[PDB]
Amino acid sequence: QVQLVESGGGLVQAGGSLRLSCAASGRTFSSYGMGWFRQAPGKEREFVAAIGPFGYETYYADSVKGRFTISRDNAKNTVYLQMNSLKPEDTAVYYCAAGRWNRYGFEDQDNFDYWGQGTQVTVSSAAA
């Protein structure tokens, strides 16, 4: 019934940008908080960004502040991650997730009930 479907990954050059999309279907997510996390092979998954259910409330890992922007269109039940000013160390599998937290706990992976499948982002020093 419920699925979160990610898209938009791929290869970019350092300094470039990607928009990830996470299309959530099977129920209305307007009153869910949404998050992005990332994981490198053999490493722990880590917080990237989150957006609360109410108001205009966004949160970022220190490593991405000022470079990445999370946003949502509730009419389409889609969350985006605009990843600008990309660096090789941003290379990872990126996951979106949805939960019913409000203001707190958005970096705790246990606090999200639905997860996307992941999409691969690779950032190279070379072109294309």
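Residue positions are given as counts along the sequence shown, with the first one as 1.
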property	result
Comparing 114-122 with 21-29, the one whose average Cα B-factor in the PDB entry is higher	21-29
Average Cα temperature factor in the PDB entry - higher stretch of 51-59, 73-81	73-81
Third of the chain's Cα B-factor distribution that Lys43 belongs to, per the entry	highest
Lowest, middle or highest third - CA B-factor, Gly105	lowest
